[PDB]
Structure formats: structure tokens, C-alpha cells
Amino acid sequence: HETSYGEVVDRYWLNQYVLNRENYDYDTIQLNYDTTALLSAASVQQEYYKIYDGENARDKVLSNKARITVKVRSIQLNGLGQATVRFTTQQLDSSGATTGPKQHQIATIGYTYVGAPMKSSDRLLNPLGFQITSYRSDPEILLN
């Protein structure tokens, strides 16, 4: 069965998801990738994996030479399993210097909770069975 938890709890999990999915740090890839995968429904997993597959795979392209830091600015909920997360990302080089402008992004998210996973390791990191059922991140175009 699916469960609701209210806005304080949703914001917690939505924030953790965006922070894990949009971050890039060679030293925490395992954790970020694993967490993102565990918190994502099957179709969403496959979309996320594409970022780390093939010849433009993020981990192969950036390797240990750069980071992408994420700042979450705001989180809106519609109370029916839908949310918007406004965030920025900033790429840094191997010396911690900024390369490129801040990117203003908006994540449009569908989510639910499905109950605690059966696997121990999974249950330890996702006790409520939070699941992102849709996710896309798009540039916020600042008009004017």
C-alpha cells in the first residue's frame, strides 16, 4: 500500500533525493548513485543510469577532475504526490575553482511511499520506501 507522511517528511526526502542525484563527487559516487537508485522507481532508475552509461558517462567524463555542487533553493508541494524543486548546480575544477556559470534548474517530481524494503541494506537507507516515480530537471529560464 502507499502512504502519505505530510509536508515536513516529504521535504526531507525530496531534498535528500535531489542532493544525491544532482551532486557529483568522485569520492562519494558510490553513495550518491546507490542512494539515488534506491530512492527511484524502476523507470526512473533507468533514466538516472543513462547519465552514468556510455561514452559521455558522467563518472568517466569528470572522473576525479571535477565536482558538481548542489544548492537547493526551494521546494514546493501540491499535496498529491507532485513537487517542484528549485536548485542550482556549480561545476568546479580539480583545484576547487568554478568552471562555468551557476546553473539554475527546476526538478519536476512525482513521488510516493511504498513501505519498507525487504533487503536489510535498503531498509536501513529507505525505511519508509520513498520512491520517486517521475523526475526531470530542466533549466530555469530567467526572463527579463
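Start at 1 and count along the sequence shown; that's the residue number.
Q: Decide which of the stretches 118-126 and 17-25 has the higher mean C-alpha B-factor, going by the entry.
A: Averaged over C-alpha atoms, the B-factors run higher in 118-126.
Q: Select between 71-79 and 97-105 the stretch whose C-alpha atoms have the higher average B-factor in the entry.
A: Looking at the recorded C-alpha B-factors, 97-105 comes out higher on average.
Q: Looking at 44, 57, 31, 38, which one carries the largest C-alpha B-factor according to the PDB entry?
A: The record points to 57.
Q: Among the chain's modelled residues, which third holds the C-alpha B-factor of residue 112?
A: Tercile = lowest for this residue's CA B-factor.
Q: What third of the chain, by the recorded C-alpha B-factor, contains residue 87?
A: CA B-factor rank for residue 87: lowest third.
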